[PDB]
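Each reported figure results from applying straightforward, stated rules to the coordinates on display, with no laboratory input. In this analysis, Cβ positions are derived from the backbone assuming ideal geometry, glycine residues included, and neighbour counts consider all displayed protein chains.
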Amino acid sequence: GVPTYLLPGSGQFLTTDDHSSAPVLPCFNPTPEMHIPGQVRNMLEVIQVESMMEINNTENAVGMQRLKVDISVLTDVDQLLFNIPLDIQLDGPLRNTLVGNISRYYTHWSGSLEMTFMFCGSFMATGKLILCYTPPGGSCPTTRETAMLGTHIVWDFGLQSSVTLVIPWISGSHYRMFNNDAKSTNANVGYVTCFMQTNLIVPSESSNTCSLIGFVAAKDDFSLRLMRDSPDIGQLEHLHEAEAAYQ
Amino acid sequence: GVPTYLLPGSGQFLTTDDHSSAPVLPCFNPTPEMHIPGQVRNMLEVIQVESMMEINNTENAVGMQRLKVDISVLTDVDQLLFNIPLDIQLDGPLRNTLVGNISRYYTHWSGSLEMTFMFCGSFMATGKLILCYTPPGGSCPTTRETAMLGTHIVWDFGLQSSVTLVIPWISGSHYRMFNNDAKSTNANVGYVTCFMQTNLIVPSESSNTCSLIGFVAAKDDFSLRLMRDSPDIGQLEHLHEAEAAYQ
Amino acid sequence: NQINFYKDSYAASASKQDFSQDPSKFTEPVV
Amino acid sequence: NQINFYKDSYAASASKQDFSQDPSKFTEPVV
Amino acid sequence: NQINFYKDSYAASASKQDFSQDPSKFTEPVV
Amino acid sequence: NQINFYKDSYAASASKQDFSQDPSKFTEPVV
Amino acid sequence: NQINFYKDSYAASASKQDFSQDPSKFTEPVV
Amino acid sequence: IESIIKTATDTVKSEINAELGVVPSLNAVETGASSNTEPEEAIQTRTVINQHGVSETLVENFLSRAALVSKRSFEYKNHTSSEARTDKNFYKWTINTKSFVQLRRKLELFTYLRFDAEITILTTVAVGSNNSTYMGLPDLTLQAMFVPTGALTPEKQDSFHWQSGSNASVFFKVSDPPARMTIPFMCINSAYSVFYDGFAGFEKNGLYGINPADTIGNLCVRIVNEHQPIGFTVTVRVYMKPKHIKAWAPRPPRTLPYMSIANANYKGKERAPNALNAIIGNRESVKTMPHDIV
Amino acid sequence: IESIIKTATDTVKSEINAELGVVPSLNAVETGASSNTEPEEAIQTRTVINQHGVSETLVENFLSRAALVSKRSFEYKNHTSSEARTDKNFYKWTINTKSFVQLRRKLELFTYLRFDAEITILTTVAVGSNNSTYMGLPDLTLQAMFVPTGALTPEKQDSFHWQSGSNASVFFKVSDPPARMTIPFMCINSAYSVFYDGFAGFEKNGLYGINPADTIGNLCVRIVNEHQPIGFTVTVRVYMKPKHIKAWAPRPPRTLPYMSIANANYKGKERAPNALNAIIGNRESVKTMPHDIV
């Protein structure tokens, strides 16, 4: 009541503080809510939705060619089709996703990462893909027999034309840090290495250079703590129409 | 409520204050507790565990020889084997223990000090040790007949090979101060003087220079008040990787 | 835990208690 | 005696009331 | 929502709760 | 309406509530 | 009248309520 | 639907589920996001009770961070003597969500956003470089007046529009806690359309993306005190904390660097990452692992 | 077990307990700590009711003392003019428990520590020695932004990373109470491993003892106000008070003086006490009493 002593954290401006502040209009009734579709009350509602991974990630791939990986008819078995680093908080193919860009607003993340690959070839293009998420601790597997020891799934294209490799949550800690080092135990996640299983067979009148679009989402076991500023965006200079919103 | 007057202790930064301060993340859920073994909720859980006293405390004793005292086959009876000053808050053989180093984070201490001596000789090495804690007020007893008038225990080695001289809590005050003077009534504790009782007899093929490791712990009657900075550690200069944790 | 002493409901604390979420709007917008 | 007016349980006062202690974890870790 | 701790009723908060209104004084001042 | 948090009764708010008055002490000091 | 919001009993207000007194300790220390 | 879940959901124990005729991991991306969960296929999971944090990653808690929206450093001197365009001890700032790319990108994850803006104004005084001597930092009382969008804004420090008889103004000192106020959700529509695929006026010459409904207003910030003989760079930093967030239609995050406050025009960096032709920094090949453990 | 004792335990009356076949003081150190209590043997105790203090020596109360973790004195002037490595009106400090040996040794009694860090920032302004004149202490608003470990940290005072749209920042004046905030227990593991017998990365070239999980973050502390013509040594002292302490696996206290923040490397003093070959200051002999009463 009347005897009040100021705390050491009094008079400061915390960014994440939640104290109620003063109104400016003393009797402002806002316009009432209408049912706008898609009410978003948590980030997990955006997190578990699929989003294209930048699997190609190569300088010859310009724009549209980056979001797909061109899988071709190989003349020999047991080649690496592609390998995806699963640093969802570091720059990589998982960075330009919903889960990557939104998790880069956080330092600590947890949960299984679903990764759905949709075969965007012809109907007559047949082939089995083996997708192996390898837990961290060793190198990225460039050979299939070193890869299938991890979390591997075998996928025949068929009528469904898409698979979901669910990357499980195997870690010593409850969460994984960002920490700006992809070699760390609490930051390295594993490697999703996709290989030919029984080769991609296309007809001669279908395109040999078939294409695959991969996605990463998560499940409802995902979680995020220690909110931070995302390094995806950055302001080195005051943009256009700033200092023209002041004049 | 609205009428609030600032106290004289308002706006200050107390080190030991317990007021609730602002969060920085407004909805941070921490990772849930796992049952890590050995949950420590009080210092007495660490206090009553034994810890080696630096009984030798001599310049020829280097490292390993300091934590044991070399008791030898004496040719004559009624010699002082060793005498331990029980200043648990001042530099001495009880300083480098759990109870000494942890109690030096406090100025006031109380409670009985258990002191367990384990005979680390051979099985065939036989001998009786008389361990006498002398209450303060006089000199340290260099002779046994002046020592056994205090709290003395007679210990035959046998099969158990360890004894516990419990130093009782006899003091005028409820607590004993640190006060940086070992001569004071409220700081001097007593002297644990260990003597030969019936001499240490070893065979010729066993080592004559037997060794004894002493420990001090406490009981559940121990207590600590007036927390202070421990003088065991000290910073005269900013350490390495400081100013490299800033760069 | 709310010290909303002002007369407007919009002036209150940031209500970080809307734990209800429906991901099937955006994950499974079918049938 | 607690003036925790913030919405986070981690922002509360230093809970100096955990008087439960088990020294037999560290004193007598046997049998 | 009122922190009127003073002894005068005129010192209170601005009472923005007088929702009763009669527009027929000024709109329809007839019959 | 009183925020007297001190232990003395003389330290309280100015008690402007002594509405009892007797003007007949000074107006009609007779019979 | 006590605004002791801290967790220590020694941090409270100056308890000027110990009205119990025994002068016969010092006035009449006999029989 | 009807999920009022407060933590991450726990997984159940999964055995060998080799059942013919059903396959969970085979899904259709051509419908939406897939429903193949962890104990369904591709892993033989264990029952781990998930007590992980959800309240921190609430969209409320995601967007209730007080981030900078107006850092303006204006000089405080005899501006009336000889100045032409610069801020004459006062600035009218059109309150936009788009001035600083951090909170701009944070609110631009969603198409629609109903929130009250906890505007906190932290104003700092520095001595300008012309004086080159400290001589103490003065205690400056500043008026921040919220003018509606398009209404009459002041033109001077003593412009007689600072009376604030109907406009809402806050007076705050620099030797004080920062000015905490709550601008209401004042949009004429039921959310702030953070993006606007339309034009303001019914004429064809309107500006694209500037809906005046989602324009919050104009913070006219002035020094109430008259001019000192010493000029002072008053750097007023308005941080807006969006509170009581209700969000609608989530969007791709902005990957390319922002160019303009008004529109969503794009120009990436001269090489990847965040480039126009390559949002992600390029690897050597599809088969090449960056930061591989060796 | 199941002891919810709140004071020191009282001793009971002990008589002559010369019983054959049992002896309490004879114990085995080769099992653990001994259970021979005071009324059991070696003393004929009396029943004294022990009402002694326990709440002060609680591990909570032991470690809930706000001790210094970051004393950085950085100059506040035109650093952009000519400086190379020094702190350009701002410093990013990696929040470590190890910068000051007092609280370092206090938290290093335990292997594991779950706590929320009540960070209190007490910032003092002094005039630098180049100016050699007081001219008043300015009221400086400072921003301390908690950046996650490894995330993008600012490079300038006006670096446009200080918007704090998602990062949590506290703005606080020097003519104010010190900035009291509570950094959460944000470790990805269920305690801060104060010691780490391992390496950060899966490569063999990692740093020993630096688990990024137990690295709390990066306090980037800057002056929000622009530069004054007078330079000022701003000594910012971050004191961390560890609160809601849950401690695990207690350890030997650090006896030798600390050498490095990163590791537990050891080098004692050139003579005892706290020397490498002799932690305790040496006596003359085993039979010699230091500070004996004469």
Members of region I:123-143 found to be surrounded by 20 or more Cβ atoms within 10 Å (Cβ to Cβ) and touching a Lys or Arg at 6+ places or on another chain (Cβ under 8 Å), listed by number: I:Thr123, I:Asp139, I:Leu140, I:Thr141, I:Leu142, I:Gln143
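Within region B:1-53, work out how many residues are of a type in the set (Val, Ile, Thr), in a loop (DSSP other than H, G, I, E, B) and touching a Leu at 6+ places or on another chain (Cβ under 7 Å). Talk me through it step by step, then tell me what you get.
Taking region B:1-53 first, the residues of a type in the set (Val, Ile, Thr) are B:2, B:4, B:15-16, B:24, B:31, B:36, B:40, B:46-47, B:49.
Next, from what is left, pick out any that are in a loop (DSSP other than H, G, I, E, B): B:2, B:4, B:15-16, B:24, B:31, B:36, B:49.
Still in the list and also touching a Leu at 6+ places or on another chain (Cβ under 7 Å): B:24, B:49.
So the answer is 2.
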Output for region B:148-178, where each listed residue is of a type in the set (S, T, N, Q) and either part of a strand (DSSP E or B) or without any contact (Cβ under 8 Å) to a residue 12 or more places away in the chain (or both): B:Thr151, B:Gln160, B:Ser162, B:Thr164
Only listed residue being part of a loop (DSSP other than H, G, I, E, B) and without any contact (Cβ under 8 Å) to a residue 24 or more places away in the chain, chosen from H:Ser132, H:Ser175, H:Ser190, H:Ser99: H:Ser132
Filtered residue count, region I:7-31, keeping only those that are surrounded by fewer than 17 Cβ atoms within 10 Å (Cβ to Cβ) and either under 36 Å from the mean Cα position of the chain (by Cα) or among the basic types (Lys, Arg) (or both): 6
Test for I:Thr123: is it in a loop (DSSP other than H, G, I, E, B) and either within 21 Å of D:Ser15 (Cα to Cα) or more than 8 Å from chain B (Cβ to nearest Cβ) (or both): no
Given (1) among the aliphatic types (A, V, I, L, M); (2) surrounded by 22 or more Cβ atoms within 10 Å (Cβ to Cβ); (3) away from chain I (no Cβ under 14 Å), number of the condition A:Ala187 does not satisfy: (3)
A:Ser139 being surrounded by fewer than 20 Cβ atoms within 10 Å (Cβ to Cβ), more than 24 Å from H:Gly21 (Cβ to Cβ) and under 19 Å from the mean Cα position of the chain (by Cα): no
Single residue of region I:187-208 satisfying the filter (under 17 Å from the mean Cα position of the chain (by Cα) and either surrounded by fewer than 21 Cβ atoms within 10 Å (Cβ to Cβ) or hydroxyl-bearing (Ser, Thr, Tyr) (or both)) that is nearest to A:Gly138 (Cα to Cα): I:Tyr196
Check on I:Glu203, closer than 24 Å to B:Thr31 by Cβ and within 9 Å of chain A (Cβ to nearest Cβ): no
Any hit, region H:23-44, residues being touching a residue at least 40 places away in the same chain (Cβ under 8 Å) and in a loop (DSSP other than H, G, I, E, B): no
Yes/no for H:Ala117 being within 14 Å of chain I (Cβ to nearest Cβ), crowded, with 22+ Cβ neighbours inside 10 Å, under 26 Å from I:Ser159 (Cα atoms) and among the hydrophobic types (A, V, I, L, M, F, W, C): yes
For B:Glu205: the one exception among (1) among the charged types (D, E, K, R); (2) out of contact with any strand residue (DSSP E or B) (no Cβ under 7 Å at 6 or more places or on another chain); (3) touching a residue at least 40 places away in the same chain (Cβ under 8 Å): (3)
Residue count for region I:53-89, restricted to those that are within 23 Å of D:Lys25 (Cα to Cα), of a type outside the set (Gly, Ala, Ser), part of a loop (DSSP other than H, G, I, E, B) and in contact (Cβ under 8 Å) with a residue 24 or more places away in the chain: 1
Among residues of region A:38-53, those that are small (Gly, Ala, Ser) and more than 7 Å from every other protein chain (Cβ to nearest Cβ), counted: 1
Count of region H:236-249 residues which are within 9 Å of chain A (Cβ to nearest Cβ) and either hydroxyl-bearing (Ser, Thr, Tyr) or within 15 Å of the chain's Cα centre (by Cα) (or both): 6
The lone exception for I:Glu108 - which of (1) touching a residue at least 60 places away in the same chain (Cβ under 8 Å); (2) in contact with a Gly (Cβ under 9 Å, 6 or more places away or on another chain) it fails: (2)
Close pairs (9 angstrom Cβ cut-off, 6 or more residues apart or separate chains): farther than 26 Å from H:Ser34 by Cβ and more than 7 Å from every other protein chain (Cβ to nearest Cβ) in region C:10-28, assigned to a loop (DSSP other than H, G, I, E, B) and of a type in the set (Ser, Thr, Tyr) anywhere: C:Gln17/H:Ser55
Qualifying residues in region A:54-70 (those that are more than 9 Å from every other protein chain (Cβ to nearest Cβ) and surrounded by 16 or more Cβ atoms within 10 Å (Cβ to Cβ)) - the one farthest from the chain's Cα centre (by Cα): A:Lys68
